[PDB]
Amino acid sequence: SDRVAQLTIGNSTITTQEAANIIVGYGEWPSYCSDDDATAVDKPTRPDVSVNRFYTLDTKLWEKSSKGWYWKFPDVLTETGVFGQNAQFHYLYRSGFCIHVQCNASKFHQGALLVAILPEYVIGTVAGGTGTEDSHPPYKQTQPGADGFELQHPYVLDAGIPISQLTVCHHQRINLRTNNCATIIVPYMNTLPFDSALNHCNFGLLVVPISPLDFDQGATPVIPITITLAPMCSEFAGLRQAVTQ
Amino acid sequence: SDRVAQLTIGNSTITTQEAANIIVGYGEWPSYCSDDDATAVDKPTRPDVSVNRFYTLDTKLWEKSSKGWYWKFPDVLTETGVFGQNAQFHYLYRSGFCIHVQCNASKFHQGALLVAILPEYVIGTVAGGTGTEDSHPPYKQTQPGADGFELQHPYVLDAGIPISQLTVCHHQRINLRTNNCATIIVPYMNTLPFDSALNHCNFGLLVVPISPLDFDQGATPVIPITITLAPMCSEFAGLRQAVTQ
Amino acid sequence: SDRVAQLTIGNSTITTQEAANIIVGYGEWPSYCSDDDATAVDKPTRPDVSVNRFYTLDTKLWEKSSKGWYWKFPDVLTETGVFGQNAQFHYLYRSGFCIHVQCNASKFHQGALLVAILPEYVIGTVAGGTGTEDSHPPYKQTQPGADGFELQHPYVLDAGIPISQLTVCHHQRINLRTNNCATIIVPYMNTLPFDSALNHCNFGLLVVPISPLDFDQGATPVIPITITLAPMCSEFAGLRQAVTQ
Amino acid sequence: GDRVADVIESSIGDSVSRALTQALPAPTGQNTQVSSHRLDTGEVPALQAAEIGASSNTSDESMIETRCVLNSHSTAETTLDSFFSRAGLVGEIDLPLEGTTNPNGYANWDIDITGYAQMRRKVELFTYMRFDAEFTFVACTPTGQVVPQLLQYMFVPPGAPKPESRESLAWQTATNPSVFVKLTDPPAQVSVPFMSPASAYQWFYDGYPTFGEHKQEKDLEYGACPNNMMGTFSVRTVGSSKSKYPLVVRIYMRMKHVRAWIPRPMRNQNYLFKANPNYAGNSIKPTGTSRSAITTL
Amino acid sequence: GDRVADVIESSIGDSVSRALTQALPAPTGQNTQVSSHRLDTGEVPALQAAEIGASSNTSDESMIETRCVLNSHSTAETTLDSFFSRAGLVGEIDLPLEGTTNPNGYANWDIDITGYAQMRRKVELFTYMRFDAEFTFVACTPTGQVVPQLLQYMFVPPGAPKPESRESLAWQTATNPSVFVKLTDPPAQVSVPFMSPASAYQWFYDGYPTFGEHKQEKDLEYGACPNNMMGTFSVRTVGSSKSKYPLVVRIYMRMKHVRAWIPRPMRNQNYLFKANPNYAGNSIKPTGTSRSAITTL
Amino acid sequence: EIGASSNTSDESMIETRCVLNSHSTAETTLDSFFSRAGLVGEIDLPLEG
Amino acid sequence: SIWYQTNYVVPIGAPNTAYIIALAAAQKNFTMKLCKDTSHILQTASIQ
Amino acid sequence: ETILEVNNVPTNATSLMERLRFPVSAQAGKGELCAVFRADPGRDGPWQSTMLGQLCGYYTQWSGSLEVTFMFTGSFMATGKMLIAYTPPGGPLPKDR
Ligand SMILES: CCCCCCCCCCCCC/C=C/[C@H](O)[C@H](N)CO
Ligand SMILES: CCCCCCCCCCCCC/C=C/[C@H](O)[C@H](N)CO
């Protein structure tokens, strides 16, 4: 009644038998842009099923020596399917998301992952270590795509802010003795009603082990983490040639 | 009241001051697929403004020694814009069209073009000339794209059928002393409610000079013919990877 | 219905077969001075037909190397007919105007003229070129009469103000492939209800080619521009001897 | 539910076909009405603009002084039933004893009615035609002699096994339809339905059936519609041994309950192949007869 | 109009935001109710599932035997007005005579309130904040001495010309707002509106403002939002000649009519730069104090 | 050539949506544009010169 | 951008070249905000 | 409507009136480019000549749709068709039609 879930959107369907629940972000479900909030006058295209569907990015391995990974939205879908063509062919973009993270393990495995949504996850750097260099992150760290990027210092989230207060955003846990899926539903969060998908990323998705993975020699040592995500209430406006960046 | 026309669909707009009228093909305007005529059960995507808009292919030159040109639909838009991505990403396709052909000349120029829509314009070949070889046309003649293909024997339309009876299909004339645009609106014509856009072409578009172009030495000798066309009531169904052919 | 016009005022009549429309200036038709706006107590003379009638000044030639011409109102009619005697014999003056500019050319001629009404068209000078001399224009440049004066620097209108923003006043175009007449109706524009006609000029009339005249060798190379103008709702007050300046 | 105004005021999903024309009854030819002389301006019905792509709406009442003619000429013989419900040769199967054609006593015929020019040019006036049919098999010797022989006419749909011989196992017709006849009988005559997975057959198919690269090898596939491959006609001499009579089976098809769409230009060049609109490019013949000059007859 | 059923039964264009929660009034802290002992099965309010990502809904009435407490403790001092409507240092401008800082008598200050850690860490608790403000300028000598000098505080919005000198033409303030004050007067205090082209300022911007390739040259642009570049503050000594007093202008901003969205983790590391969430990676300090062992204090 | 400006809107050139504008024209008035003090004069009163 | 669609066709005797005058304005939904001083015109000092 | 100085190439006084009209001539029929300019009024370019581009200097933020009107100043006998494309942001300068 609460540990089982089927998520159907589009031509896609996820099953889970070992769920917790669904987190609906900031108590707002995704919606479409009202005529009061809108400023642009062009008619937006609303492709219902060709972009609002579950996309599967890649698979990270939870090892003992893991530190964490982050993915930036909507950068993860700007080279993938029909979404990443409407987003390149258009200038404006608006959508929510349903993120769904998968990690399966046995009943003889232990560990926990914090799966959180951090809006406007701006990436800082070590500043040379001494704090004198005003270094900056390259493009393959702020918009790393579907491959994601490995956190160097996950205590401060590579932004000088503590991981411990990160439950103030959306989150779930994947505790392997309780659940193997983490489902968060995110609305469109920005000061503007639409924005560019290639220049601006609305939020980040952190997957950090707070408790480390452990097992005894003989069990399956490959414990994959798979990110699977669906746009929701997508909208595109301002059509011109396809530019990638 | 009848020589002036503005065609607005999408983010696109054509003006003409020297028109004839609009031909609505077989007295049917384009429509969407009804639930009685439908057989496939997936929900189709209906992107209103991102694919139903005027696309401009290329420009053919009307010389003295011209014979004619043909273009195959929807092959002309399978590498162009958002239409040619939804059509590659999907398996099924349904649309009407508004074709609009442009040829400008002076009042001291004379000539006529037959601008016609031939459904299922199957391309035959000279059969070796003697009729013994069972030759076949290559792929760059049956699906030539936006570049179109130059008719070898336009009397028989390279299919053994006379040009003279081609007014039984849709047509307009571009008589340079009367008009410079030719506007035809075509519905979806097939035995099936949907079909593939890459394998099957619904109709062809013939542009043939019946009366040859003539001018005296000093006038503008470059008389271009430009094809400009808009999908109408487009529909796509059956989503998978993008395949081009 | 809109390209044909007959302007009848007085004993005078203009025909045009190739007009655009009539511009009524600042949405005010000419009127007579109300008793609330009036301050002078003498009874004004209102000669209906002897001064409100079309007067034809002179004829400027549109050459290739033209720059523009201006005429100052009411200075153009202070030596002409019954208007230019009532205006000399009286001290005060109030009138609107209907200006009408004529330029005829063939259908094988091309060019455009901006025909505009600039209120209080104060004439500046080049200031020695270096800007150190505080030079001033002579009387035969600020009040040049019916002969008009040829602009030296029509980009700045010989006043340091750009020609490009001159459509913010009244204007028409004479595009030779569309029209050959330009009709503007101007009310009395001043801070005062009456004023002197010899000392103060209410507005100027600019005729500037934006697009230059061109024709091929054999066509009529003399393309004249003729100014033809009618007072409207004229009024004169304060009678004494006739003084010219 | 729909909230934004561009979605409420949308014509998306309008499935109803908006037609400009309407079919009215015309059981007879149109009658001529009385006309008199016209000597005014503005109303000029003889002048047209053919660049519109329409046909002239000018009648003879407006070009000459006409009388009243009450027409009773019927348009009933121009219908598609009356034009196509006429049996014609669509197939011919030879069953000889010695030679190469079919020397074993069985013959399979891939059903296509595009091997005889007189019925093909009638159907290729349209691109889509939907109909039920009535096939008739006139069997005889080369000389036309009727002989005492039993045959079996098996319909082999697509997917079903074709017989590799006369002694074959496919001939048991447990599920495929069959007709047994003696040559001494009237010709076998069976009615067939519309059996396409589509809504109509199609004589012209501008496309390929398969995906993939299209090189010179698989160029035969251009034009081939599997919706028209209705299967195979098979015939044998019912017997375990060799027959003694040569045979010919001629097939005659009559359409009924006809519907057609999208008329085309009619074939003016001689056909050359089956399901191929090829022509002889060196010997292109004009559509009709010629003259010595344009001012003569 | 809509005809097909998938379009009539569609949730496309539902602009109304569906909210799960509702804001209720809480002028006081919640009162405690009387509780007794519980000795049943099934009802177990102490056990939670923190993997859900929610917080515990367990109260003290269910964990201990409690009394009635009628609370009258107000939640009025935790509002965003009461937390942010408190003037703090956001800027400091030095106007010396000799040196390098500003030796000519004018100083331009690009408005950013991220140069002082005590007001920055208060705003970076949120990612979006919309407010009107009240700026206050406390001018004085280095020693704190109030001196008889006239100044001009010009607001230079973006696009307007910045003054290149004290004798400049931008100082005529015909359209830009300005404030003239003597140092002997109370500090100038002006109210400012919400002046963003967006619906709220944003202290964190995960993105670039410009399109194109993003190499190591234009990596400064990471994080820069032009919606927060509200322009320039300019100050001069009103005079054609050189002043005789050194000067300092200190700027204090007080927010009013505050709205905020999307709380974040609070900064635990020392800031280093302006509008840059960089940190010293070698000297990463823990968020709080440490121990010798976990069983001691 | 009429001398008027175009009466063409974006509803007639593209497929547009509904936009309920609440952008005020109050800051373009002549009060708001001119009720802003600016330098119109400067008088010098020296001792020598 | 402005592109030639077909061509500029002209008869013999007429000139082979013309010119286009562009005229720019704003629409009824246009507003401006946050009055300031102008930047794209400046004055060399010493007026009069 | 005020004149937009698209052909803002000449600078000498002899040829400053040439900035108010830009040419269109006979081409080879390859979909060639005539002119390209930015749709930015406050940006230093063609719109500086307009009353919009000068009253926008006195304001910091603008909103709303614009309007560009092109007039053909050729012969009555001259014909032609042109494509006037507005490319929204992100889109670089199109290399072809
Ligand atoms: C004893 C039973 C025999 C019955 C055999 C009847 C066969 C039914 C087929 C009738 C339909 C023929 C339609 C043919 C279409 C064209 O040949 C194709 N488009 C090939 O070009
Ligand atoms: C004499 C008039 C002086 C008035 C000057 C008032 C300036 C108004 C600006 C107030 C708004 C400040 C918002 C600043 C935001 C952050 O600094 C940016 N995100 C930069 O990081």
# chains A, B, ... in the order shown; residues from 1 in each chain; ligands from 1
call {"tool": "residues_near_ligand", "arguments": {"ligand": "ligand 2", "cutoff": "7 Å", "atoms": "only C-alpha atoms and all ligand atoms", "output": "list in words"}}
result
residues 111, 112, 113, 114, 133, 135, 153, 154, 155, 177, 178, 179, 190, 192, 201, 202, 203, 225, 228, 229, 230, 233, 274 and 275 of chain E
call {"tool": "select_by_dssp", "arguments": {"residues": "stretch 34-94 of chain B", "states": "alpha helix (DSSP H)", "output": "PyMOL selection string"}}
result
chain B and resi 48-51+83-89
call {"tool": "interface_residues", "arguments": {"of": "chain G", "to": "chain F", "cutoff": "9 Å", "atoms": "only C-alpha atoms", "output": "VMD selection string"}}
result
chain G and resid 25 27 to 35
call {"tool": "write_last_selection", "arguments": {"atoms": "N, CA and C atoms", "output": "compact mmCIF listing (two decimals), in the first residue's frame"}}
result
# COMPACT_ATOMS: atom_id res chain seq x y z
N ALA G 25 9.79 51.03 -34.82
CA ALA G 25 8.96 51.58 -33.77
C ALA G 25 8.74 50.51 -32.71
N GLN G 27 5.43 48.50 -30.21
CA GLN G 27 4.06 48.03 -30.22
C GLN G 27 3.33 48.48 -28.96
N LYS G 28 2.03 48.23 -28.94
CA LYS G 28 1.15 48.72 -27.89
C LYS G 28 1.40 48.07 -26.54
N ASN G 29 2.18 47.00 -26.48
CA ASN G 29 2.54 46.35 -25.23
C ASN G 29 3.89 46.80 -24.70
N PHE G 30 4.46 47.84 -25.29
CA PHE G 30 5.80 48.29 -24.94
C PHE G 30 5.76 49.24 -23.75
N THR G 31 6.67 49.02 -22.80
CA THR G 31 6.85 49.89 -21.66
C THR G 31 8.34 50.00 -21.38
N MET G 32 8.70 51.09 -20.71
CA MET G 32 10.03 51.29 -20.19
C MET G 32 9.92 51.54 -18.70
N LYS G 33 11.05 51.39 -18.01
CA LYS G 33 11.06 51.39 -16.55
C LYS G 33 12.42 51.87 -16.05
N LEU G 34 12.40 52.41 -14.84
CA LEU G 34 13.60 52.84 -14.11
C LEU G 34 14.38 53.90 -14.89
N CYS G 35 13.79 55.09 -14.91
CA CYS G 35 14.37 56.24 -15.58
C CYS G 35 15.79 56.52 -15.10
call {"tool": "closest_residue", "arguments": {"among": "B:37, B:147, B:133, B:235", "to": "chain A", "atoms": "only C-alpha atoms"}}
result
B:235
call {"tool": "interface_residues", "arguments": {"of": "chain B", "to": "chain A", "cutoff": "9 Å", "atoms": "only C-alpha atoms", "output": "ChimeraX atom specification"}}
result
/B:10-11,42-50,81-82,85-86,89-90,237-242
call {"tool": "write_last_selection", "arguments": {"atoms": "C-alpha atoms", "output": "PDB file, in the first residue's frame"}}
result
ATOM      1  CA  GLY B  10       3.300  29.179 -36.530  1.00  0.00           C
ATOM      2  CA  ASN B  11       6.141  31.681 -36.333  1.00  0.00           C
ATOM      3  CA  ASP B  42      -0.257   4.892 -28.159  1.00  0.00           C
ATOM      4  CA  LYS B  43      -0.961   8.533 -27.525  1.00  0.00           C
ATOM      5  CA  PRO B  44       0.399  10.632 -30.414  1.00  0.00           C
ATOM      6  CA  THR B  45       2.293  13.850 -29.886  1.00  0.00           C
ATOM      7  CA  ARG B  46       0.759  16.895 -31.572  1.00  0.00           C
ATOM      8  CA  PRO B  47       3.363  19.700 -31.568  1.00  0.00           C
ATOM      9  CA  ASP B  48       1.362  22.640 -32.803  1.00  0.00           C
ATOM     10  CA  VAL B  49       3.804  25.404 -33.730  1.00  0.00           C
ATOM     11  CA  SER B  50       7.241  23.752 -33.803  1.00  0.00           C
ATOM     12  CA  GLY B  81      14.016  21.432 -38.102  1.00  0.00           C
ATOM     13  CA  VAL B  82      11.876  19.923 -35.390  1.00  0.00           C
ATOM     14  CA  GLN B  85      13.493  15.070 -35.622  1.00  0.00           C
ATOM     15  CA  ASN B  86      10.040  14.020 -34.451  1.00  0.00           C
ATOM     16  CA  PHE B  89      12.443   9.687 -33.452  1.00  0.00           C
ATOM     17  CA  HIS B  90       8.969   8.304 -34.175  1.00  0.00           C
ATOM     18  CA  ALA B 237       3.383   8.034 -32.868  1.00  0.00           C
ATOM     19  CA  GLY B 238       5.712   5.237 -31.845  1.00  0.00           C
ATOM     20  CA  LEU B 239       8.834   6.522 -30.166  1.00  0.00           C
ATOM     21  CA  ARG B 240      12.256   4.907 -30.328  1.00  0.00           C
ATOM     22  CA  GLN B 241      15.781   5.850 -31.327  1.00  0.00           C
ATOM     23  CA  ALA B 242      16.438   8.299 -34.144  1.00  0.00           C
TER      24      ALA B 242
END
call {"tool": "interface_residues", "arguments": {"of": "chain H", "to": "chain F", "cutoff": "12 Å", "atoms": "only C-alpha atoms", "output": "PDB file with C-alpha atoms, in the first residue's frame"}}
result
ATOM      1  CA  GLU H   1       8.017  54.898 -37.011  1.00  0.00           C
ATOM      2  CA  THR H   2      11.440  56.497 -37.391  1.00  0.00           C
ATOM      3  CA  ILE H   3      14.242  55.617 -39.751  1.00  0.00           C
ATOM      4  CA  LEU H  55      14.202  57.603 -25.264  1.00  0.00           C
ATOM      5  CA  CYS H  56      15.404  54.172 -24.158  1.00  0.00           C
ATOM      6  CA  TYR H  58      16.633  57.586 -20.421  1.00  0.00           C
ATOM      7  CA  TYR H  59      15.242  54.277 -19.124  1.00  0.00           C
ATOM      8  CA  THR H  60      16.989  51.208 -17.761  1.00  0.00           C
ATOM      9  CA  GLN H  61      14.564  48.332 -18.385  1.00  0.00           C
ATOM     10  CA  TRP H  62      12.259  47.795 -21.353  1.00  0.00           C
ATOM     11  CA  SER H  63       9.641  45.231 -22.227  1.00  0.00           C
ATOM     12  CA  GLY H  64       7.383  44.518 -25.165  1.00  0.00           C
ATOM     13  CA  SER H  65       7.287  43.860 -28.870  1.00  0.00           C
ATOM     14  CA  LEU H  66       8.976  45.925 -31.544  1.00  0.00           C
ATOM     15  CA  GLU H  67       8.057  46.743 -35.118  1.00  0.00           C
ATOM     16  CA  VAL H  68      10.307  47.196 -38.154  1.00  0.00           C
ATOM     17  CA  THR H  69       8.760  48.475 -41.371  1.00  0.00           C
ATOM     18  CA  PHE H  70      10.721  48.201 -44.618  1.00  0.00           C
ATOM     19  CA  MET H  71       9.647  50.207 -47.663  1.00  0.00           C
ATOM     20  CA  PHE H  72      10.709  49.371 -51.212  1.00  0.00           C
ATOM     21  CA  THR H  73      11.865  52.495 -53.066  1.00  0.00           C
ATOM     22  CA  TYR H  86      14.147  37.259 -36.719  1.00  0.00           C
TER      23      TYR H  86
END
call {"tool": "decode", "arguments": {"residues": "stretch 89-198 of chain A", "atoms": "C-alpha atoms", "output": "mmCIF file, in the first residue's frame"}}
result
data_model
loop_
_atom_site.group_PDB
_atom_site.id
_atom_site.type_symbol
_atom_site.label_atom_id
_atom_site.label_comp_id
_atom_site.auth_asym_id
_atom_site.auth_seq_id
_atom_site.Cartn_x
_atom_site.Cartn_y
_atom_site.Cartn_z
ATOM 1 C CA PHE A 89 15.844 24.097 -31.251
ATOM 2 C CA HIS A 90 14.110 26.444 -28.803
ATOM 3 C CA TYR A 91 15.455 29.214 -26.580
ATOM 4 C CA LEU A 92 13.057 28.988 -23.627
ATOM 5 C CA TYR A 93 12.272 26.039 -21.390
ATOM 6 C CA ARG A 94 10.017 25.208 -18.452
ATOM 7 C CA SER A 95 9.522 21.858 -16.743
ATOM 8 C CA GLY A 96 9.219 19.933 -13.557
ATOM 9 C CA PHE A 97 10.801 16.562 -12.988
ATOM 10 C CA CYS A 98 10.296 13.205 -11.356
ATOM 11 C CA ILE A 99 13.686 11.855 -10.330
ATOM 12 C CA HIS A 100 13.968 8.187 -9.399
ATOM 13 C CA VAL A 101 17.209 6.661 -8.112
ATOM 14 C CA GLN A 102 17.826 2.904 -8.006
ATOM 15 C CA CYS A 103 20.228 0.961 -5.802
ATOM 16 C CA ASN A 104 19.620 -2.739 -5.155
ATOM 17 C CA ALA A 105 21.405 -4.831 -2.569
ATOM 18 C CA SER A 106 20.781 -7.923 -0.488
ATOM 19 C CA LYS A 107 19.534 -8.239 3.083
ATOM 20 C CA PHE A 108 23.140 -8.938 4.149
ATOM 21 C CA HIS A 109 24.253 -5.522 2.840
ATOM 22 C CA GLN A 110 24.257 -2.298 4.836
ATOM 23 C CA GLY A 111 24.608 1.332 3.867
ATOM 24 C CA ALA A 112 22.796 4.611 3.383
ATOM 25 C CA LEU A 113 22.682 7.236 0.651
ATOM 26 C CA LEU A 114 21.328 10.754 0.913
ATOM 27 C CA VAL A 115 19.486 11.586 -2.307
ATOM 28 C CA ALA A 116 18.789 15.321 -2.366
ATOM 29 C CA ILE A 117 17.731 18.141 -4.693
ATOM 30 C CA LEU A 118 19.730 21.357 -4.235
ATOM 31 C CA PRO A 119 18.400 24.372 -6.189
ATOM 32 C CA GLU A 120 20.957 26.626 -7.860
ATOM 33 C CA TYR A 121 23.812 24.326 -6.857
ATOM 34 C CA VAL A 122 26.644 26.707 -7.680
ATOM 35 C CA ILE A 123 30.012 24.960 -7.749
ATOM 36 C CA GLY A 124 32.929 26.465 -5.894
ATOM 37 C CA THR A 125 36.535 25.385 -5.909
ATOM 38 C CA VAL A 126 39.425 25.003 -3.493
ATOM 39 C CA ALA A 127 40.807 28.433 -4.468
ATOM 40 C CA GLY A 128 44.309 27.028 -4.760
ATOM 41 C CA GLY A 129 43.946 25.455 -1.315
ATOM 42 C CA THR A 130 45.394 28.539 0.363
ATOM 43 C CA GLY A 131 42.416 30.692 -0.638
ATOM 44 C CA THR A 132 44.507 33.222 -2.586
ATOM 45 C CA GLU A 133 43.884 32.048 -6.154
ATOM 46 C CA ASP A 134 40.427 33.037 -7.406
ATOM 47 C CA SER A 135 40.154 29.840 -9.388
ATOM 48 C CA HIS A 136 36.983 28.868 -11.220
ATOM 49 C CA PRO A 137 35.405 25.552 -12.213
ATOM 50 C CA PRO A 138 35.595 24.513 -15.879
ATOM 51 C CA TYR A 139 32.563 23.778 -18.025
ATOM 52 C CA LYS A 140 32.951 20.012 -17.526
ATOM 53 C CA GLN A 141 32.327 20.492 -13.794
ATOM 54 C CA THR A 142 29.399 22.939 -13.713
ATOM 55 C CA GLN A 143 27.532 21.253 -16.590
ATOM 56 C CA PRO A 144 28.852 17.673 -16.520
ATOM 57 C CA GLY A 145 25.841 16.088 -18.211
ATOM 58 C CA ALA A 146 24.533 12.565 -17.796
ATOM 59 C CA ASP A 147 27.943 11.305 -16.675
ATOM 60 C CA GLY A 148 27.807 13.410 -13.523
ATOM 61 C CA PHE A 149 30.822 14.456 -11.506
ATOM 62 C CA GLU A 150 32.525 13.042 -8.442
ATOM 63 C CA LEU A 151 32.548 15.299 -5.376
ATOM 64 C CA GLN A 152 36.035 16.190 -4.147
ATOM 65 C CA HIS A 153 34.991 17.431 -0.676
ATOM 66 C CA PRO A 154 31.430 16.234 -0.025
ATOM 67 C CA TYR A 155 31.431 17.624 3.513
ATOM 68 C CA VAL A 156 31.066 21.134 2.081
ATOM 69 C CA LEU A 157 29.470 19.922 -1.199
ATOM 70 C CA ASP A 158 32.266 21.699 -3.106
ATOM 71 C CA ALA A 159 30.450 24.953 -2.321
ATOM 72 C CA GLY A 160 31.402 25.726 1.287
ATOM 73 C CA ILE A 161 28.009 24.637 2.655
ATOM 74 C CA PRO A 162 27.568 21.662 5.006
ATOM 75 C CA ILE A 163 26.097 18.374 3.867
ATOM 76 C CA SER A 164 24.465 18.054 7.305
ATOM 77 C CA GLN A 165 21.952 20.865 6.655
ATOM 78 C CA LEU A 166 21.054 19.456 3.224
ATOM 79 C CA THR A 167 17.874 17.795 4.489
ATOM 80 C CA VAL A 168 16.322 21.286 4.419
ATOM 81 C CA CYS A 169 15.898 20.739 0.696
ATOM 82 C CA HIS A 170 14.105 17.791 -0.841
ATOM 83 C CA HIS A 171 15.559 14.441 0.021
ATOM 84 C CA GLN A 172 15.068 10.774 0.573
ATOM 85 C CA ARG A 173 17.347 8.111 1.969
ATOM 86 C CA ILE A 174 18.204 4.801 0.389
ATOM 87 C CA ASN A 175 18.739 2.579 3.415
ATOM 88 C CA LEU A 176 19.494 -0.832 1.947
ATOM 89 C CA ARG A 177 17.730 -2.641 4.790
ATOM 90 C CA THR A 178 14.552 -0.638 4.147
ATOM 91 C CA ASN A 179 14.363 0.658 0.576
ATOM 92 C CA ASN A 180 16.047 0.518 -2.820
ATOM 93 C CA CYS A 181 14.332 3.414 -4.626
ATOM 94 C CA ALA A 182 14.147 7.155 -3.990
ATOM 95 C CA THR A 183 11.425 9.131 -5.773
ATOM 96 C CA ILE A 184 11.353 12.950 -5.738
ATOM 97 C CA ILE A 185 8.949 15.102 -7.773
ATOM 98 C CA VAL A 186 10.319 18.598 -8.414
ATOM 99 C CA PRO A 187 8.394 21.584 -9.833
ATOM 100 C CA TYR A 188 9.932 24.302 -11.953
ATOM 101 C CA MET A 189 11.842 26.572 -9.558
ATOM 102 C CA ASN A 190 13.109 29.857 -10.916
ATOM 103 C CA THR A 191 12.598 33.586 -10.563
ATOM 104 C CA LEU A 192 11.477 33.586 -14.192
ATOM 105 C CA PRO A 193 8.641 31.666 -15.861
ATOM 106 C CA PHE A 194 10.932 30.289 -18.568
ATOM 107 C CA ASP A 195 14.682 30.149 -19.023
ATOM 108 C CA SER A 196 17.385 28.613 -21.163
ATOM 109 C CA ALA A 197 18.139 24.926 -20.637
ATOM 110 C CA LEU A 198 21.719 25.088 -21.951
#
